Amino acid sequence: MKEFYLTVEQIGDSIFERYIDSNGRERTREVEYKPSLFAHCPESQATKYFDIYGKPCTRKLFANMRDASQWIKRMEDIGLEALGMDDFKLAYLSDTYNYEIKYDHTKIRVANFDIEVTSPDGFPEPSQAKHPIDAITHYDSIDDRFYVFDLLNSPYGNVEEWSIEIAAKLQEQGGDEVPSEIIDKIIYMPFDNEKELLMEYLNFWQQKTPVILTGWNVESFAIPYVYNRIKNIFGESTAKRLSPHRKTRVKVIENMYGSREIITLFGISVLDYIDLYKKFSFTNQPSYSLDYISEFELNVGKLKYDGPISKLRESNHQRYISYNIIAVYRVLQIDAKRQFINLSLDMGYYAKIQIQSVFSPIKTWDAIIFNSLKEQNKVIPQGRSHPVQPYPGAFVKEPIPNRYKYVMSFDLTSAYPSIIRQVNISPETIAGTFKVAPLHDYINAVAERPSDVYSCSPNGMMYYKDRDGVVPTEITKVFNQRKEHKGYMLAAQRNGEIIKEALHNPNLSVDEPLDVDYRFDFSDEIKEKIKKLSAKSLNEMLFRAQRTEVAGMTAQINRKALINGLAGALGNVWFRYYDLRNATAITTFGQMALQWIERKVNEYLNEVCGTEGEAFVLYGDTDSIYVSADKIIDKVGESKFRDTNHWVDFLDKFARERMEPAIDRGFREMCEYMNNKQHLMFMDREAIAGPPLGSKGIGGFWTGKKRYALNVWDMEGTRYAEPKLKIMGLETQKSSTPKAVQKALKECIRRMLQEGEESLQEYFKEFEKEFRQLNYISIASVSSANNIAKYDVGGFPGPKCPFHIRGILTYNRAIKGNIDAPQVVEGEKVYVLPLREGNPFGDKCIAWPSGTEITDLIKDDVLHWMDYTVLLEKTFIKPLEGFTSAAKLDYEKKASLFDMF
DNA sequence: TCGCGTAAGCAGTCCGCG
DNA sequence: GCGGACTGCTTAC
Ligand SMILES: Cc1cn([C@H]2C[C@H](O)[C@@H](COP(=O)(O)OP(=O)(O)OP(=O)(O)O)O2)c(=O)[nH]c1=O
Ligand SMILES: [Ca+2]
Ligand SMILES: [Ca+2]
Ligand SMILES: [Ca+2]
Ligand SMILES: [Ca+2]
Ligand SMILES: [Ca+2]
């Protein structure tokens, strides 16, 4: 097999590399790597190395990496560019793995661990590590075993051994319901004392040294706690055994409001799953506790226990250990679903970066572009300082707030990357500038043609047409990967809908789910077999289909995010290829393209409808248009349609056969107008929306920019078994809106779009009547909470104190003196409830950590004083009044006598 | 919230508006 | 009351 790296580090003048050799074995080596860097040289000086602008460079070979670094400094002192890859480990990987890397995940040691620490005096600070580590569960991917390290004797209590037999039993048997599929994979090691536990953990770690290290909050908690605790007990040299090169560094992570410390373990790649989740999941969650996320992702119940966590070990050590094991397994279950580890490996090996660098599109693209240019003996420019400067973005059309009955939407495939490729936008393809006219003059095709030589953007920039830039070339490669995976995603989605249909008529049989590849549209034979399956088998197939869809979604959307991140990186000052000329070339072309095609679509439709000046495009945002189809439907007549699916088909055909050719013609003209390198503006139909045939549903409404709802029957070629709501921006989509309120508002919208005004009025009346019985957590607002200290004036709110911050200060006063009470963590999320006047908390709201029950110290008083009236008006009624006035109906039946009878 | 971009919405504070 | 200036937070793209 081909060799591949596992990790790479620079330590002084050595590269330390862990890798898999040609026999599939893990090895480590220290290499005295001599880097090269570059300087411009005379034309007379024959060379094979050229910078990206074609200027000749001489290569400078250094005796060692420190000399290379010192040379860069002196070049700055002189005031000359020092060219080349200054991150020497990326250069090392480029030299050592000068081929497309084929990796084998089965050889990569992926470790998932979690620790427990009993603490009676509040949160156990990792930087102090003053409490014993009393449990570690460490799952190893190569062994496929859960290694459980259990402390039996502690200053906080001596306990009995954990019982695997009780752990396996149902909770209804008094057990812990540790999943049966992992029971035989548990290797249980009890310890008489903490020193022997930790010494054994370190010997184990030595034997089975993680390459990828993950878990939940491991980077911010478990790793620093373990490192500092071992440091406290044994000394630094022992703690550094967590690094295979015995090198560690305290790294200070800074943000706007403060900083925190992590421990960098050289020769390990830490991918904390909470951070993978935040980057790759495209959720915004009210809470990021593992319980909350597990429930959300897996539909597993919360891990239940009595009393505070600080007393769990002494009261119920059995459960204590079982929950530590389950916590590790839940992360593995989330990854089986979401596949973020697989994603990180793919992207990291593609770029030839340290795997942990997948968190950084700047680093990822820097490496991709360096490797690409190096192949041609081209030399990358030095990174430079730039002041941060604002620049313009996308165009968003102001919609007329209204109901909109029939809507067809269209948008560009990978808009910004497509613009890059079409215009040929790249650092080295800049050809010059032209004299810009107002944007509207380009939109209306009255401005002078910018160039007869070069490919142009309406921001004034011109680009070469003879050759693709490195940015277009490399962005195309990732886009193509994205496109492949999106194909699989949509296939699994469509396959999912076939199963849902078949589920209307399940067979009374005992059979099995079919063995199929859900990434490909089911053949006729598979469809026939599905129609004969039991509900049981169908449901199992649906679950598998949806898991395949999720896998495709992860692969596609994060490749989309990477290529989109390159367009954004051009506008970030730390990017080697930062250039506002290029960043604004993209966005300004985008603005033009949307408004150009709006004009073209309106023109086309006015022509087919025989009108003038009618606005068929009602909305657009960045790269999208929403087209009113009322007139199209009315031209055949609603009476002519057999059912909902009939007019959906008719609009689908109209979009494909009439609209899309019209749009394509519009964009080809624009391409020629801008003299672009290649026409790549592909604006495909997204959604077909409308009320159910014969209903009083309104179909859709807009309240304003970035705020709308549609009842969608077909989305990017997926024809739904049941209509689906596409809701953007409205309170149903915001993590700040209470859970039960999102649900209620969604049902109000459903009724509006599908059933009409009377149905809406029915539901509102019921919700208003019953909501006071909703669980307090389900009706609490949510907010991130920054700058708690800034607004805290002796325990009370200072000037301009935000409402949620006020809530926290109230909480802080109410729990004062308690070290055991849960603390609100700066920068994390809180639940927020309003309080009625005259309450014992002395203020109008209280807040507490999100994803948790409020402490029993004050729960009863919070419940008694909760202001349901304010809660209802603020979170439910106010948004609903916005929706209904926009859509021109009433959520309450207006008095129009009779009545009178 | 360490790790790519801008546009733009709503809640809430403070305070004017005769 | 509500709007504008402003801070804070969150979402669409
Ligand atoms: C979603 C998203 C979009 N954008 C910008 C770049 C996108 O090309 C542009 C349009 O957004 P989208 O239409 O969401 O995405 P897309 O056109 O890149 O991909 P698709 O083929 O799935 O439609 O908006 C970002 O800069 N960051 C983001 O997170
Ligand atoms: Ca725990
Ligand atoms: Ca798009
Ligand atoms: Ca599309
Ligand atoms: Ca059947
Ligand atoms: Ca779009």
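We use all heavy atoms of the structure for the numbers below, so side chains are in, but hydrogens, waters and symmetry mates are not. Within every chain, numbering begins at 1; the chains are lettered A, B, ... in the order of the sequence lines, protein sequences first and strands thereafter.
A negative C1'-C2'-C3'-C4' dihedral is found for the sugar of C/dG8, placing it in the south range. From the dihedral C1'-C2'-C3'-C4', which is positive here, one reads the pucker of B/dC4 as north, toward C3'-endo. Sugar pucker of B/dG12: south, as indicated by a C1'-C2'-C3'-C4' torsion of negative sign.
Distances from the side chain of A/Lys829 to the nucleotides B/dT1, C/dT10, B/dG3 place C/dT10 closest. The side chain of A/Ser784 sits closest to B/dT1 out of B/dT13, C/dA12, B/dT1. Nearest to the side-chain atoms of A/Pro392 among the listed nucleotides B/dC4, C/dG8, B/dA7 stands B/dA7. Comparing B/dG3, C/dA12, C/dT11 by their closest approach to the side chain of A/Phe359 singles out B/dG3. The side chain of A/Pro361 approaches B/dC4 more closely than any other nucleotide in the set B/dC4, B/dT13, C/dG8. Proximity note for A/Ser360 (side chain, C-beta onward) versus B/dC4, B/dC10, B/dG12: the nearest is B/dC4. Considering only side-chain atoms of A/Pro802, the nucleotide from B/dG3, B/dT6, C/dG8 that sits closest is C/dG8. Checked against B/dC4, C/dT10, C/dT7, the side chain of A/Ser783 finds its nearest nucleotide in C/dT10.
Nearest-nucleotide positions on DNA chain B for A/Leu276 and A/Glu731 put A/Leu276 closer to the 5' end. Map A/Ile727 and A/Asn786 each onto its nearest nucleotide of DNA chain C; the residue landing nearer the 5' end is A/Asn786. Between A/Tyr257 and A/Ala567, the residue anchored closer to the 5' end of DNA chain B is A/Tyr257, taking for each the nucleotide with the nearest heavy atom.
Between the P atom of B/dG5 and the CG atom of A/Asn582 lies a distance of 16 Å, rounded to the nearest Å. Rounded to a whole Å, the OH atom of A/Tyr831 is 18 Å from the P atom of C/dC9. In this structure, A/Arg707 atom CZ and C/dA12 atom P are separated by 10 Å, rounded to whole Å. The separation between A/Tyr708 atom OH and B/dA7 atom P is 18 Å, rounded to whole Å. The distance from atom CD1 of A/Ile805 to atom P of C/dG8 is 9 Å, rounded to the nearest whole Å. As rounded to whole Å, 10 Å separates atom P of C/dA12 from atom CG of A/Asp621. In this structure, A/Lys560 places its NZ atom 12 Å from P of C/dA12, rounding to the nearest Å. Put simply, CD on A/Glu873 is 17 Å from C1' on B/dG12, counting in whole angstrom units.
A donor atom on one side chain and an acceptor atom on the other are found under 3.5 Å apart for A/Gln356 and A/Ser269. Between the side chains of A/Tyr5 and A/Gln354, no donor-acceptor pair of N or O atoms lies under 3.5 Å. Between the side chains of A/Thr732 and A/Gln742, not a single donor N or O lies within less than 3.5 Å of an accepting N or O.
For C/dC9, one of the phosphate oxygens OP1 or OP2 lies less than 4.0 angstrom from a side-chain nitrogen or oxygen of A/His804. Side-chain N/O atoms of A/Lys790 include one lying less than 4.0 angstrom from OP1 or OP2 on C/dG8. An OP1 or OP2 oxygen of B/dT13 is reached within less than 4.0 angstrom by a side-chain nitrogen or oxygen of A/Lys844. Note on A/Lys363: every side-chain N or O is 4.0 Å or more away from OP1 and OP2 of B/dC4. Distances shown here put every side-chain N or O of A/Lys705 at or beyond 4.0 Å from the OP1 or OP2 atom of B/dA7. An OP1 or OP2 oxygen of C/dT11 is reached within less than 4.0 angstrom by a side-chain nitrogen or oxygen of A/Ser735. Dashed line: the shortest gap from a side-chain N or O of A/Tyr416 to OP1 or OP2 of B/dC4 is not under 4.0 Å. Contact annotation: A/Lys800 does not reach the phosphate of B/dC14 (side-chain N/O to OP1 or OP2, under 4.0 Å). For A/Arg806 and B/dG12, the shortest distance from a side-chain N or O to OP1 or OP2 is not below 4.0 Å.
In this structure, B/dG3 forms no base pair with any nucleotide, since neither Watson-Crick nor G-U wobble geometry is met with both distances under 3.5 Å. Both distances falling under 3.5 Å, in either a Watson-Crick or a G-U wobble arrangement, place C/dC9 opposite B/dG9. When both pairing distances are held under 3.5 Å, B/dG18 makes no Watson-Crick or G-U pair with any nucleotide shown.
Annotation: A/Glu837, atom CD; neighbour count of heavy atoms from other residues, nucleotides and ligands within 6.0 Å does not exceed 12. When the shell of 6.0 Å around NZ of A/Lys705 is examined, it contains more than 12 heavy atoms from other residues, nucleotides or ligands.
Heavy atoms of A/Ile253 sit under 4.0 angstrom from at least one base atom. If you check every strand for non-hydrogen atoms under 4.0 Å, A/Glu828 touches nothing. Using a 4.0 Å heavy-atom criterion, one finds that A/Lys279 contacts no nucleic acid atom at all. Here A/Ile262 lies in heavy-atom contact (under 4.0 Å) with a base. Contacts of A/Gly568 with the nucleic acid, taken as non-hydrogen atoms under 4.0 Å apart, include base atoms. Heavy atoms of A/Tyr578 sit nowhere under 4.0 angstrom from any nucleic acid atom. At the heavy-atom level, A/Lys278 lies nowhere under 4.0 Å from the strands shown. A/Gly571 comes within 4.0 angstrom of the backbone, heavy atoms only, and of no base.
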- prompt: Is there a ring-ring contact (aromatic ring centres under 6.0 Å, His included) between A/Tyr626 and A/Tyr708 once you walk through the steps?
  reply: CA-CA 11 Å; A/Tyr626 295 74; A/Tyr708 63 92; 5.3 Å; yes
message: Using side-chain contact (heavy atoms from CB on, under 4.5 Å), reason through A/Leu412 and A/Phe667 one step at a time and then give a plain yes or no.
response: CA-CA 11 Å; A/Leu412 295 165; A/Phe667 275 132; 4.1 Å; yes
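Rounded to the nearest 0.5 Å, atoms OG1 (A/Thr622) and CG (A/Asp411) are 10.0 Å apart. In this structure, A/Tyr868 OH and A/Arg836 CZ are separated by 9.0 Å, a value rounded to the nearest 0.5 Å.
Going from the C1' atom of B/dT1 to that of C/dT10 covers 14 Å, rounded to whole Å.
Counting atom types as modelled, A/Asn284 pairs no side-chain N or O with a base atom of C/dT10 as donor and acceptor under 3.5 Å. The base of B/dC2 sits within donor-acceptor range of the side chain of A/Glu219, with an N or O pair under 3.5 Å.
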